[PDB]
A.B. asks: 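Please read through the structure below; I'll follow up with questions.
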Amino acid sequence: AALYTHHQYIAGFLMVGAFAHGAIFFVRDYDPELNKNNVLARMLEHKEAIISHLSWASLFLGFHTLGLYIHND
Amino acid sequence: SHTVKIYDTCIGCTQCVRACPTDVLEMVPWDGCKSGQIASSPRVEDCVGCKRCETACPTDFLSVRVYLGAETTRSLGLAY
Amino acid sequence: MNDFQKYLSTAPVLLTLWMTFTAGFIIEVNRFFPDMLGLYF
Amino acid sequence: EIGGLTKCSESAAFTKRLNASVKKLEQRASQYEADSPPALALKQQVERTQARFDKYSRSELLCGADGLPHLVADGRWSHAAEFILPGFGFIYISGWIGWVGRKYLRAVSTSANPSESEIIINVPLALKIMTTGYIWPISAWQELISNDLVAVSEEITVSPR
Amino acid sequence: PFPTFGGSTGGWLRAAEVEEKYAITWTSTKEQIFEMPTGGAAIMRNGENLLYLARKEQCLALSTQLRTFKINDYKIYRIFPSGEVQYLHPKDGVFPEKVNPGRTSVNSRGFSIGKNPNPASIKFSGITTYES
Amino acid sequence: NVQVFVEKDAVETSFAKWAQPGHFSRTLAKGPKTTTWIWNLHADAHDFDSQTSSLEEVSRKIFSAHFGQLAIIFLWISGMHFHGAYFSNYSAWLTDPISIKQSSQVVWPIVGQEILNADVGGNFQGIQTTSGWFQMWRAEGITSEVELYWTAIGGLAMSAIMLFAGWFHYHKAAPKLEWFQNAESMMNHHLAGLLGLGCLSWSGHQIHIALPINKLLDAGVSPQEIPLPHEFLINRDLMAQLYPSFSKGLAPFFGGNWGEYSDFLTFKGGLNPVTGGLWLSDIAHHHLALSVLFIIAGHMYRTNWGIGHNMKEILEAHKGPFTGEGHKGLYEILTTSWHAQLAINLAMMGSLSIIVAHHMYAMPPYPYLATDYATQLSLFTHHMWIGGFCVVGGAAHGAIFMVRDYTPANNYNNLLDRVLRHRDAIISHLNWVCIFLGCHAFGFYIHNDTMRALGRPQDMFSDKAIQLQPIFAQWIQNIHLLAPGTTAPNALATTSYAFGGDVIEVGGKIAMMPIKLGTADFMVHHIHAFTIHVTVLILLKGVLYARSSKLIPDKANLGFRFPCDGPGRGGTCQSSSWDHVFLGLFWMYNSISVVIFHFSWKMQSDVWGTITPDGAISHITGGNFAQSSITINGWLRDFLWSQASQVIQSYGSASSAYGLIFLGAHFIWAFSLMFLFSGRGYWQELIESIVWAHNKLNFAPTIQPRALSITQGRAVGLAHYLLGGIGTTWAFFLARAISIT
Amino acid sequence: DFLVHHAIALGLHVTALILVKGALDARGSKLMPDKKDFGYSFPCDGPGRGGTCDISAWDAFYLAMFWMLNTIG
Amino acid sequence: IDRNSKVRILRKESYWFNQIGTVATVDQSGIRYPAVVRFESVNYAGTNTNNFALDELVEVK
Ligand code: CLA
Ligand code: CLA
Ligand code: CLA
Ligand code: CLA
Ligand code: CLA
Ligand SMILES: CCCCCCCCCCCCCCCC(=O)OC[C@H](COP(=O)(O)OC[C@@H](O)CO)OC(=O)CCCCCCCCCCCCCCC
Ligand SMILES: CC1=C(C/C=C(\C)CCC[C@H](C)CCC[C@H](C)CCCC(C)C)C(=O)c2ccccc2C1=O
Ligand code: SF4
Ligand code: SF4
Ligand code: SF4
């Protein structure tokens, strides 16, 4: 139990760190002209679609999982 | 001390100057807009960083921008 | 009567009436057709 | 059967659950006189419990080791009454609601005061538009083909990248 | 020329003695009660008034309140422990909200806010994007 | 000259403004452009002084709204009486109050929820209710559901009357401001008329109706054989059979031989052994004496006849060498500011609710209340919560006064001015007191947890170790125990058995017995002192720094309620006095939670329980408070973990609603943390992406979606926090107490 | 196992949503179009424009730490 | 671009970027942002008007 919990919490910290340093890269290191029209720039170009669909998926999962738990309760 | 910059979209409405609690800003002559004046920040040593000036500014995007930086007694608003 | 009807047409009043009606029909459907764990009847 | 399960009409645990629930209800009922309203209410609860257990027995529902019905939602039609048909009903109803809401918002977008029509509903227009929800998929297809469903990117605001 | 004030615990501290102090003077045309920014009410004197404060913001809050009394001659100074004085406000004898010839623009950038350079383009230079 | 000044046909009655949401506000009247408008509309609805600058109009709105509140309260009371009349086992409970569980709510059979109709006894199924209706009705003399039906009908009539009165005094006959500024006459009427005549008439009901009916009911007479209430009025012989001094009549009252009425106006003290409640004759004497006191008090102030006191004169005279002008200016404040009056009155009403909670547990006033442990717990807890909210509201409205109605010119060198002039000293000393109390009181518990964990029980603060005896409280307890014969020589028993004396036993359950105070009680009382001091620190800082501070010298110009003054000066978030109310609310929640937990555990461990005819006492939790409540581990294990058993094991019984509400309250409490921990910048940015998706399909509201304001984010977070935490404690208490009662 | 797995997916999607929105809006948004000039971490942009608490990308990291902890839990 | 003309916004930092506003007036004095544009929706500051240069606007038909 201790080994599983230890490694899963460390994995969570590492994933959060990965995204934090991605954001730091975007602030400090990303140059729009060097990356013009590449995949990295096109992520920025459709960030609204990405974020809205991730929000839809999150809302769907939350609504239905919490609803099923509550119905059972 | 904080940094306060005026961009050339200023319409000389004098609202940031009236909003400032520590008298950082003043109106100066300028031919870039209809009102014939632009905002200026000659006294940034007294800027606390409250951003009331930005709240008062009517342009889109802002024409006055406060960038917070090195803290002093004056910028921290200390009475001690 | 026009003013009172416009008050009844406001968003909260209409939501209250509509949700009460919807809840009522869900309740009545479950009163006459209870315990539907799927469409098996 | 599927997933190493068994039909609830063949599950000993399911029938044990039915007997236990009925027994607790009847033990409660035994404390009152036969004609008391508590007794009649408890016996009606007993009948409803028996009817529910019987309805689940006659259905296609499968049961795990616990004696409770489990749902099969992998797409099989032999269990379509559990997720597929209710899902069809939900999609139809929710598409109706959403389509009529979008239609009303777009209709009042050109009124004298669009914002007022969002907080004070024009009830006649709303009821008229709500009655058109039943053909929402066909209307959606026609709106998609006629280029009225999807806007262009150049016409939608975005933030600096 | 101090206003009529019984004192408070909200006044200046050791900083006024060792770092810097502020003074506001003004002319009132009658004895009138006003709100001390440090808490409590004081009575202005007919004639010249002088008040000491710990912060410039306190002096400007008091001046904003004086404006509601139709008093516009207030002057605000900073005093250092050696006794040197700095005349602070209004700096040129004219309120900053009123445009004045002879003032030069300070800290203007001749473009809209959206034209500042990209951070990745000035790495290790020691500058910020808003200063370049 | 006290006169009635009323303007007639002040406001037209029409539905036009019902169709113009936000009509009351000049800004909100233009209609919405963003969803923020909607929230603002509800936030500013009853903020009358921001809707108009005339004090007379604010007074008129307040008066009519008060009538509306009275109509709502009458509707609520009438509904309770109607549910007692048609959905209760009150008649059956009357015959055997001990074994039948009170129930006045019934649920319909739908989706299986009928399981909530518990087997409460009396050929009746329903929800066990804990608001004390049956005990109150029995104390009043109510013996039939028809009397309850008539009380409910009258409640409906009064609700309609209040509603009409509100409409009439806003739209038809609106009093002038000079009418409202009649503090002297208002005090005279509310003391002599409202309180005095109310007490006198209630004493009349108790003497003539409630007393003989309860004497018969206690004597074992069936409710169906007790004479109807009017027979006691029309048959002086019926009363002479029960209380013989009624055969003398009113001759002793006007003759002055009041001692003759000693048979029904008593000073027994203690509790009635049959019911476990206060003697109704003591209560009647109490209300009669109180009526006299209030009628006297209502002749103090001068109105129209020369005699009487002027409040402004009295206030102006009370000043000393330490306080400058003293109380001068207070009369003007309290006759021109509704917020100042509301601050005082909320503080008083909340403190009174707390007092009510204490006094009602220790001297149970209704029959069969003391042994209805669920009702006792629920009443104590409910009144504690009401009091906490009202004291915090009084603080909030004091802050509002400081921001809006305080004028420097009218407060030169008076008490308010001098308090503002030494706010730094006040707040610094209160801060130090809070640190001292917190460190010592909570460090006792932390020390004990560490000592017990290290296997050093002899080093703990406890009765069996280093002792912290509350000797002052014990001294007071002894004094009160000795009072009945010596310092209150005409009292036959103690005011309350909690101070000492025998065990009062009703139906084999303990009604009240002495509540002994040791080291654990010392520690918990100092925790209470600590939490109250911190709550006072936050709220008093909010009032005293409402207008200005060294950080923000012009706070009053920013208003009562504003999120901040920007990230400058290091950061100024939550500097407004509204934010001080916001933080004080959390601290009040902490304080009241601890108080009600202390009550619950102490009563279960040392008071409530069973008692054999021999004399052996078995308490609900076996007397574990003394050795378990001195560590945090003991609270977590022996109180929360142990007593949560009922709420978490309630599924499949009539208590399952409590388990569900326990879970849902946990959920809402956790949901509040999203609002409390986050900020609106993130949410507005997310909403931008969602608005994009809607625009991508050719539709979007013209009422543009906005994340909640900073202040609304705080308000929502706190509201859900309080609902979640309080509702969790509510479900937990109710399941536990229904099991143990 | 089915219900708990959908709960886990909820946690993963919401944590990702917070982190991805923080990274993708690190450079700017409609509410703060010049966010890149202020750096990865900064308190806010003041109470103007409706209020701007927790607007930086660091604030997205801060919010996502709660969701990571809840998910790993 | 003239008064009453409908324009699409090209300024990226604008709340109304890619959206449509109406040109109320164009100053003819040589100011840096001469065209005043009104919009039907408010920005986050609650304003619905802004000044623009002519290369930040596109006529729409
Ligand atoms: C247990 C507490 C709790 C709950 C339920 C939520 C729920 C949510 N969070 Mg939050 N969050 C929390 C704590 C919580 N959070 C904490 C402590 C933090 C740290 C500050 C955050 C920080 C955070 C961030 C940064 C984000 C979220 C997001 C979300 C949404 C995720 C998608 C989803 O599941 O939609 C399903 C919806 C729910 C589960 C909530 C609805 C609950 C019930 C089912 C609705 C019932 C309505 C009822 C009938 C009406 C009221 C009745 C009466 C009053 C009238 C969801 C609403 C994200 C989001 O917005 O995604 C779209 C997002 O980006 N949260
Ligand atoms: C004091 C407050 C109060 C509360 C909380 C309750 C609560 C209850 N009553 Mg009681 N009751 C009360 C007072 C109260 N009552 C009074 C004063 C009377 C005398 C009239 C009664 C007489 C009474 C009877 C005879 C019965 C109840 C019953 C009930 C239960 C079911 C209620 C229900 O679902 O109806 C149905 C609910 C609705 C139809 C909801 C409609 C909501 C409307 C549409 C929204 C209103 C919003 C706004 C005002 C309108 C705006 C729009 C409008 C202008 C068009 C519930 C526990 C029932 C019961 O206990 O059964 C065993 C029952 O039979 N009550
Ligand atoms: C949200 C507010 C709220 C709610 C819902 C309740 C709910 C309840 N109260 Mg509580 N109460 C409250 C606030 C509230 N209270 C406050 C702020 C106080 C302090 C004054 C009280 C003092 C109080 C007393 C003394 C009693 C209750 C009782 C009750 C219960 C019976 C209701 C009833 O009709 O009794 C009707 C009330 C009585 C029959 C007794 C009233 C006696 C008081 C002294 C009358 C005071 C009236 C006076 C004019 C107020 C002005 C004060 C003055 C200084 C200006 C019910 C649980 C009763 C109870 O627990 O019964 C089992 C009960 O005896 N409450
Ligand atoms: C005598 C009682 C009383 C009265 C007459 C007032 C009156 C007022 N208050 Mg005050 N206040 C009070 C007690 C009172 N308060 C108490 C006890 C507190 C401590 C909580 C406060 C703390 C307070 C603050 C911090 C503020 C006020 C403000 C105001 C003013 C605006 C009211 C408004 O528009 O809200 C409209 C009413 C609502 C929006 C309803 C809110 C609903 C609440 C939040 C939740 C209800 C929960 C519900 C009971 C449970 C539902 C559960 C279910 C969903 C499951 C108004 C003058 C405001 C002001 O600016 O003053 C000038 C203000 O900022 N009050
Ligand atoms: C359990 C969590 C927790 C803890 C420990 C604290 C602690 C404190 N709060 Mg905080 N508070 C909390 C939750 C908590 N709060 C929450 C959730 C909120 C949001 C509502 C607040 C909002 C808030 C406000 C608005 C205020 C406080 C204040 C305080 C301080 C009160 C004065 C005091 O008693 O200091 C004494 C210290 C303690 C009681 C903590 C432990 C003491 C130990 C056990 C004994 C001494 C040990 C000693 C230092 C040796 C240490 C050894 C070490 C070197 C190894 C105290 C530090 C107030 C304050 O600062 O007043 C002066 C204040 O005004 N808090
Ligand atoms: C036990 C209850 C709580 C006790 C708290 C602290 C115990 C310490 C003893 C203090 C009691 C006596 C105070 C001075 C004696 C007193 O009662 O007043 C005596 C004196 C009254 O002066 P005058 O004779 O001028 O008064 C004329 C009056 O008409 C007022 O206008 O007050 C003062 O000298 C200033 C009062 C502030 C003095 C601050 C002392 C520290 C106060 C502690 C905080 C109090 C908490 C209570 C808040 C509700
Ligand atoms: C979650 C959250 C939000 C986002 C929450 C919002 C915008 C509330 C949304 C409320 C809804 C839209 C109103 C109620 C409607 C129902 C939820 C759905 C019904 C939909 C229609 C019928 C209207 C904030 O805006 C915020 C602001 C400041 C601090 C913390 C937070 C915060 O935590
Ligand atoms: S941030 Fe505040 S102090 Fe600085 S210039 Fe702007 S208004 Fe003045
Ligand atoms: S910076 Fe903004 S507020 Fe100041 S003068 Fe220019 S346009 Fe007006
Ligand atoms: S905007 Fe938010 S974070 Fe910034 S100072 Fe105001 S309250 Fe604090």
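Chain letters run A, B, ... following the sequence lines, proteins first and then strands; every chain starts at 1. Keep in mind that the numbers below use all heavy atoms, side chains included, and drop hydrogens, waters and symmetry copies. Start at 1 and go down the list; that is how both ligands and their atoms are numbered.
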A.B. asks: Considering only heavy atoms, does A/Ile70 approach ligand 1 within less than 4.0 Å through its side chain, its backbone, both, or neither?
C.D. replies: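 Looking at A/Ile70 and ligand 1, no heavy atom falls under 4.0 Å.
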
A.B. asks: Does the distance from a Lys or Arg side-chain N to an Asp or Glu carboxylate O, for G/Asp34 and E/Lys115, drop under 4.0 Å?
C.D. replies: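 Salt bridge between G/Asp34 and E/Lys115, a charged N being under 4.0 Å from a carboxylate O: no.
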
A.B. asks: Can you tell me the N, O or S atom of F/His83 that's nearest atom 10 (Mg) of ligand 2?
C.D. replies: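 This residue's closest N, O or S atom turns out to be NE2.
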
A.B. asks: Atom 33 (C) of ligand 1: which protein heavy atom is closest, and how many Å away?
C.D. replies: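 Nearest neighbour among protein heavy atoms for atom 33 (C) of ligand 1, to 0.1 Å: A/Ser58 O, 3.4 Å.
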
A.B. asks: Mind checking what residues have non-hydrogen atoms under 4.0 angstrom from ligand 9?
C.D. replies: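 For ligand 9, the residues that come within the 4.0 Å heavy-atom cutoff are B/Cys10, B/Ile11, B/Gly12, B/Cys13, B/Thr14, B/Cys16, B/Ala39, B/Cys57, B/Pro58, B/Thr59, B/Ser63, B/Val64.
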
A.B. asks: Looking at F/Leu673, which atoms of ligand 1 are within less than 4.0 Å of one of its heavy atoms?
C.D. replies: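 Counting atoms of ligand 1 from 1, those under 4.0 Å from F/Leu673 are 17 (C), 20 (C).
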
A.B. asks: Does G/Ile18 approach ligand 1 within less than 4.0 angstrom via side chain, backbone, both or neither, non-hydrogen atoms only?
C.D. replies: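 G/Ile18 to ligand 1: side-chain contact only, backbone stays beyond 4.0 Å.
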
A.B. asks: Under 4.0 Å from ligand 1, counting heavy atoms only, is it the side chain of A/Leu61, its backbone, both or neither?
C.D. replies: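 For A/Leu61, no heavy atom sits under 4.0 Å from ligand 1.
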
A.B. asks: Among all protein heavy atoms, pick out the one at the shortest distance from atom 4 (C) of ligand 2; state its residue, atom name and that distance to 0.1 Å.
C.D. replies: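 Result: F/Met80 CE, 4.9 Å.
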
A.B. asks: Any cation-pi pair here, H/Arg11 with H/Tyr33, using under 6.0 Å and within 45°?
C.D. replies: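 Yes, a cation-pi geometry.
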
A.B. asks: Could you establish whether F/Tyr86 and ligand 2 come within less than 4.0 Å of each other, counting only heavy atoms on the residue side?
C.D. replies: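 Under 4.0 Å: no for F/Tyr86.
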
A.B. asks: Is any NZ, NE, NH1 or NH2 atom of the basic residue among E/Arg109 and B/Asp8 found under 4.0 Å from an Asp or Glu carboxylate oxygen of the other?
C.D. replies: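 No, this pair does not count.
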
A.B. asks: Among protein heavy atoms, which sits nearest to atom 31 (C) of ligand 2, and what does the distance come to when rounded to 0.1 Å?
C.D. replies: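 Protein heavy atom at minimum distance: F/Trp108 CH2, 4.0 Å.
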
A.B. asks: Nearest non-hydrogen atom to atom 54 (C) of ligand 2 belongs to which of F/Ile153, C/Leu8, C/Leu17?
C.D. replies: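 Residue with the shortest heavy-atom distance to the ligand atom: C/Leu8.
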
A.B. asks: Answer yes if the ring centres of G/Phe61 and A/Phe19 are under 6.0 angstrom apart, and no otherwise.
C.D. replies: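 That pair fails the under 6.0 Å test.
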
A.B. asks: Could you check atom 63 (C) of ligand 2 against the protein and tell me its nearest heavy-atom contact, residue, atom and distance included?
C.D. replies: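 It is F/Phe87 CZ, 3.5 Å.
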
A.B. asks: Would F/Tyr682 count as a contact residue for ligand 1, given that I'm defining contact as a non-hydrogen atom of the residue lying under 4.0 Å from a ligand atom?
C.D. replies: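 F/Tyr682 counts as a contact of ligand 1 under the 4.0 Å cut-off.
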
A.B. asks: So, is A/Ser55 polar-close to ligand 1, with some N/O to N/O distance under 3.5 Å?
C.D. replies: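 Between A/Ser55 and ligand 1, no N or O pair is found under 3.5 Å apart.
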
A.B. asks: For atom 19 (C) of ligand 2, tell me which residue out of F/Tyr149, F/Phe82, F/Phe74 has the closest non-hydrogen atom.
C.D. replies: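 Going through F/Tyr149, F/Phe82, F/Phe74 one by one, F/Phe82 has the nearest heavy atom to atom 19 (C) of ligand 2.
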
A.B. asks: What atoms of ligand 2 come closer than 4.0 angstrom to any heavy atom of F/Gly79?
C.D. replies: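 Per the distance check, 12 (C), 13 (C), 16 (C), 17 (C).
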
A.B. asks: Among protein heavy atoms, which sits nearest to atom 20 (C) of ligand 1, and what does the distance come to when rounded to 0.1 Å?
C.D. replies: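 Protein heavy atom with the smallest distance to atom 20 (C) of ligand 1: F/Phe677 CB, 3.5 Å.
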
A.B. asks: Students should be able to answer this: which protein heavy-atom is nearest to atom 26 (C) of ligand 1, and at what distance?
C.D. replies: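 Result for atom 26 (C) of ligand 1: F/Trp683 CH2, 3.4 Å.
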
